[PDB]
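For reference, the structure discussed in these notes is given below.
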Amino acid sequence: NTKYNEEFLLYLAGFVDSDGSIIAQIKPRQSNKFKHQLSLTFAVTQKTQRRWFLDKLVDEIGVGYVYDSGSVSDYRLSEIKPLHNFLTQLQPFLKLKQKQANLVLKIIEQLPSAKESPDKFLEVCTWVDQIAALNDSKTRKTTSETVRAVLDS
Amino acid sequence: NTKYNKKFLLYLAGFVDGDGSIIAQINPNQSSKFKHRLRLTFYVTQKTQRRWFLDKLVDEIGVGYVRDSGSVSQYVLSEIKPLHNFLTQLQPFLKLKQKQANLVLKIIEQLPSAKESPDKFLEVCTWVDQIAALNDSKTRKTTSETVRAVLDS
DNA sequence: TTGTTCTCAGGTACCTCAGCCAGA
DNA sequence: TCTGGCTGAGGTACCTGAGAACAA
Ligand SMILES: [Ca+2]
Ligand SMILES: [Ca+2]
């Protein structure tokens with residue numbers, strides 16, 4: 001497990017709290033046991049003009065990708081393991097997104113069991129609802145309620 | 001002069017590089033000796049729902065004010081002295097806005113003499129152009145050329 | 001079936017200026 | 001004459017979702 005220095009993590013938390021995003025999503029998918037796929041994402045958005053600053057993040061964190069769309073780029077990290085390691089080290093220094101990070105860490109750790117029973121999956125889905133509630137959510141569609149009404153059949 | 005905790009400056013530097021703004025402006029002023037007044041401002045913008053976060057800055061930096069402009073609030077610091085003290089301590093940790101901080105610091109230290117010669121004032125005004133060049137400038141009107149055009153007989 | 005990569009975009013929440021006015 | 005406390009806004013640059021496809 002990669003260990004990050006504290007000066008790196010302090011600055012990064014400030015940058016994440018400002019321009020970053022901690023995202024949990026439930027994605028409709030018929031081929032999945034409970035008809036949905038859980039998706040966790042850490043994101044940093046920045047004008048493509050400064051894509052390099054995001055590229056440095058890849059190098060410095062040791063993983064992730066940079067995507068472009070129009071005039072804006074994103075560093076993204078969604079691989080569960082690395083995500084867990086990074087977030088665990090980052091969360092003590094977060095101020096605006098501390099709870100989201102903690103909610104994500106709790107979803108990750110409970111993932112195995114959530115895959116065994118619908119009630120447990122629905123439960124993890126409510127933690128996802130909470131992340132979205134803390135975020136400035138504006139176009140959310142699939143929620144724990146969606147999942148509940150589908151399993152009720 | 002207040003000396004700030006280092007953990008705090010690092011976090012803050014990340015937040016400033018994210019949601020903050022280091023700005024220099026030349027304001028046409030009828031009374032001012034050279035027909036213009038210099039304004040240096042440090043801003044942190046955040047949705048009014050998170051005004052408390054800006055309020056804590058007033059407490060932690062020990063100076064400045066918080067204003068409401070719609071659904072959005074801003075922490076603002078523009079008094080020269082306190083601004084100089086704050087920025088000189090922040091600037092080593094800044095990444096995206098280190099240049100602007102340093103140009104502002106240079107302007108501040110040159111303020112006494114810029115009031116003397118008009119060439120010196122136009123000089124300071126070019127350092128203002130550079131801060132604006134480094135920013136995502138979109139609606140800037142008064143520049144050093146503008147001032148140049150005014151100072152004539 | 002599952003984890004993940006990659007792209008698009010809705011709706012702001014920022015950013016970075018503009019300018020006034022009272023007191024000093 | 002100068003400075004600092006106020007306010008309003010143009011034009012994005014973000015945030016936080018959506019969804020398709022591809023391994024494994
Ligand atoms: Ca922000
Ligand atoms: Ca930003």
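Just so we're on the same page: letters track the sequence lines, and every chain starts at 1. Because only heavy atoms are used, hydrogens play no part in the values below, and waters and symmetry mates are left out as well, while side chains stay in.
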**Q.** N/O donor-acceptor pair, side chain B/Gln46 with base C/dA13, under 3.5 angstrom
**A.** no

Ranking C/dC8, D/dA9, C/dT2 by distance to the side chain of B/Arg67, first place goes to D/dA9

The sugar pucker of C/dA18, read from the sign of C1'-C2'-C3'-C4' where positive is north and negative south, is north

To the nearest angstrom, the CG-P distance between A/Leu40 and C/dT4 comes to 9 Å

Side-chain contact check for A/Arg29: nearest option of C/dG3, D/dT1, D/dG19 is C/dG3

Rounded to whole Å, the CZ-P distance (A/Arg76 to D/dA18) equals 12 Å

Are A/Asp129 and A/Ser144 close enough, and set up right, to give a side chain to side chain donor-acceptor pair (under 3.5 Å), and what steps lead you there?
CA-CA 7 Å; A/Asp129 288 358; A/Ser144 71; 2.5 Å; yes

Once base and sugar-phosphate atoms are separated, protein heavy atoms under 4.0 Å mark nucleotides 19-24 of chain C, 5' to 3', with B, S and - as S-----

Rounded to whole Å, CG of A/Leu38 lies from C1' of C/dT4 at a distance of 13 Å

Q.
Whether A/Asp17 and B/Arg50 form a salt bridge (side-chain N of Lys/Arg under 4.0 Å from carboxylate O of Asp/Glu) is what I want to check.
A. no

With north defined by a positive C1'-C2'-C3'-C4' torsion and south by a negative one, C/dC21 has a sugar that is south

Can a donor-acceptor pair under 3.5 Å be found between the side-chain atoms of A/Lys27 and the base atoms of D/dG19?
yes

Atom NE2 of B/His36 and atom P of D/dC2 are separated, to the nearest Å, by 13 Å

Among the nucleotides C/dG3, C/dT7, C/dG11, whichever has the atom closest to the side chain of A/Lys138 is C/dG11

query = Side chain of B/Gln74, base of C/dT16: donor and acceptor closer than 3.5 Å?
reply = yes

Of the listed C/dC6, C/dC15, C/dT2, the closest approach to the A/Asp19 side chain comes from C/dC15

Between A/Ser21 and D/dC14, does any side-chain N or O lie under 4.0 Å from OP1 or OP2? no

- Query: Is there a side-chain polar atom (N or O) of A/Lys97 under 4.0 Å from OP1 or OP2 of D/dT16?
  - Reply: yes

Between B/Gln74 and B/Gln46 (side chain of the first, backbone of the second, donor and acceptor by atom type, cut-off under 3.5 Å), is there such a pair? no

A/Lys115 NZ to C/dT1 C1', in whole Å, measures 10 Å

Within the 4.0 Å heavy-atom criterion, would you say A/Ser137 contacts the bases, only the backbone, or no part of the nucleic acid?
sugar-phosphate

State yes or no: are the ring centers of A/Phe86 and A/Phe42 separated by less than 6.0 Å? yes

query: Can you check whether A/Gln46 has a side-chain N or O nearer than 4.0 Å to OP1 or OP2 of D/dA13?
result: no

Original post:
Under 4.0 angstrom, heavy atoms only, what part of the nucleic acid is A/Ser18 near: base, sugar-phosphate, or nothing?
Top reply: sugar-phosphate

Of B/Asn29, B/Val147, B/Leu122, B/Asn27, the one forming a side chain to side chain contact (heavy atoms under 4.5 Å, CB included) with B/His36 is B/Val147

Taken to the nearest whole Å, OH/B/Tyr43 to P/C/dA18 is 10 Å

Among the nucleotides C/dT16, C/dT7, D/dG5, whichever has the atom closest to the side chain of B/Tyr65 is D/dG5

Q. Charged N to carboxylate O below 4.0 Å: is that the case for B/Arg51 and B/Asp55?
A. yes

Quick check, are the ring centers of B/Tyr11 and A/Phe93 under 6.0 angstrom apart? no

Can you list the steps and then say if A/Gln100 with A/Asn135 is a side-chain contact (heavy atoms from CB on, under 4.5 Å)? CA-CA 8 Å; A/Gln100 288 95 313; A/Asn135 286 348; 3.0 Å; yes

Rounded to whole Å, the CG-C1' distance (A/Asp68 to D/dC14) equals 14 Å

Here D/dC15, assessed by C1'-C2'-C3'-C4' with north positive and south negative, has its sugar south

Does C/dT4 have OP1 or OP2 under 4.0 Å away from a side-chain N or O of A/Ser78? no

Under the convention that a positive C1'-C2'-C3'-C4' torsion is north and a negative one south, the sugar ring of D/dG8 is south

From CD of B/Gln49 across to P of D/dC15 the rounded distance in Å is 13 Å

Under a 5.0 Å cut-off between side-chain heavy atoms and groove-defining base atoms, B/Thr139 reaches the minor

Query raised in the report: Is a side-chain N or O of A/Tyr75 found less than 3.5 angstrom from the main chain of A/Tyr65, in a donor-acceptor match?
Result: no

*Base, sugar-phosphate, or nothing for A/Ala43, non-hydrogen atoms under 4.0 angstrom?*
base

Query raised in the report: Can a donor-acceptor pair under 3.5 Å be found between the side-chain atoms of B/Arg140 and the base atoms of D/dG10?
Result: no

Query raised in the report: Is the phosphate of D/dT16, meaning OP1 or OP2, less than 4.0 Å from a side-chain N or O of A/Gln25?
Result: no

Nearest-nucleotide check on DNA chain D, A/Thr45 vs A/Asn135; residue mapping nearer the 5' end is A/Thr45

What nucleic acid atoms does A/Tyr65 come within less than 4.0 Å of, heavy atoms only: base, sugar-phosphate, or nothing?
sugar-phosphate

- Task: Can you establish whether the number of heavy atoms outside A/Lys95 located under 6.0 Å from its atom NZ is more than 12?
- Result: yes

Closest of C/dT4, D/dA13, D/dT16 to the A/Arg50 side chain is D/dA13

